[PDB]
């Protein structure tokens, strides 16, 4: 704006440190304090000169405001990234999020709170782990940043680090004795996020650190989450666990084969029958106590077809994709449960495919079943 505070904030935001110092020459101490403490709202962000300088990464302005003018570090504001809007963020949090290492060093060395909390209860360490900046993460942890402070959804730094796919920061956090068995608000752990996103090496590192297997709020396990998301590599890598019983192994194999059938950007028709037949042959290995599948009653939306119970039926439908699509749908409805969110969308996708092919009544019955499930 057009006040003296306006030009002060403008110089601090544009990195013009000489201009700022000149604007603050021969003034009283309280005047300089008031001028540098003013919160200015522009560009969708309300921030102080120190905060905007930290966000924009102007290390010279930050050093001037810290060493010379002794600006408070606890000042908070609202910063705006391209994706989100964050309230109650200190200059240190903004610097950690935007990836300005020198500003982070300057603020931490001048006593800024390394464990300041956003309104989302997000530490600057969580911002650096979201960004994937190993340097800032290591610097903060080495300066007593609390690794165990999660956001308002109990999402720890390890969880977001594993979901975003930054393997190195996951290795570092695990070596820093971060609890791998933390559970979020929805009961999910870091391994669930690693399996959902399909990051193989992060799953390897989590298994190396003896990540305790557990169910989430929807009842899913990392194996089930990986099988539902068609992450076949994750399933095959995770099946090598010791506590993996035969029942859950066959369940995961069948769920993966079924999910391969009606996933739009994962439609591998071959792998559907591959995994279904593999799980069937594993069920039919020993012929004294064949772990037989408790099949569900038929449904009209699937052509009244019942799930295959013996290898002969599977190899009978091998060359009929329409039937294989229906088989994947019924196996998903059996394994995931009748009341789960991620059950309806493959049904609706197959219905839309039928509608495009002009199979209108098939599409209509599939959509009716899907809407009843919703």
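Residue numbers count along the first chain shown, from 1.
Asks: Compare the mean C-alpha B-factor of 60-68 with that of 344-352 as given in the PDB entry, and name the stretch with the higher value.
Replies: The stretch with the larger average C-alpha B-factor is 344-352.
Asks: Check the entry's C-alpha temperature factors for 234-242 and 193-201, then say which stretch has the higher mean.
Replies: For C-alpha atoms only, the mean B-factor is higher in 234-242.
Asks: Choose from 102, 294, 142, 135 the residue with the greatest Cα B-factor as stated in the PDB record.
Replies: 294 has the highest C-alpha B-factor of those listed.
Asks: Have a look at 115, 266, 148, 167 and flag the one whose Cα has the highest B-factor in the entry.
Replies: When the deposited C-alpha B-factors of 115, 266, 148, 167 are compared, 266 is largest.
Asks: Looking at the entry's B-factor column for C-alpha atoms only, identify whether residue 26 ranks in the lowest, middle or highest third of its chain.
Replies: Residue 26: CA B-factor falls in the lowest third of its chain.
Asks: Test of reading the entry: by CA B factor among the chain's modelled residues, which third contains residue 358?
Replies: Top third by C-alpha B-factor.
Asks: State the tercile, meaning the lowest, middle or highest third, of residue 46 with respect to the CA B-factors recorded for its chain.
Replies: According to the entry, residue 46 has a C-alpha B-factor in the chain's middle third.
Asks: Among the modelled residues of this chain, does the Cα B factor of residue 274 put it in the lowest, middle or highest third?
Replies: Highest third.
Asks: Mind checking which third residue 175 falls in for C-alpha B-factor across the chain?
Replies: As the PDB entry reports it, the C-alpha B-factor of residue 175 lands in the lowest third of its chain.
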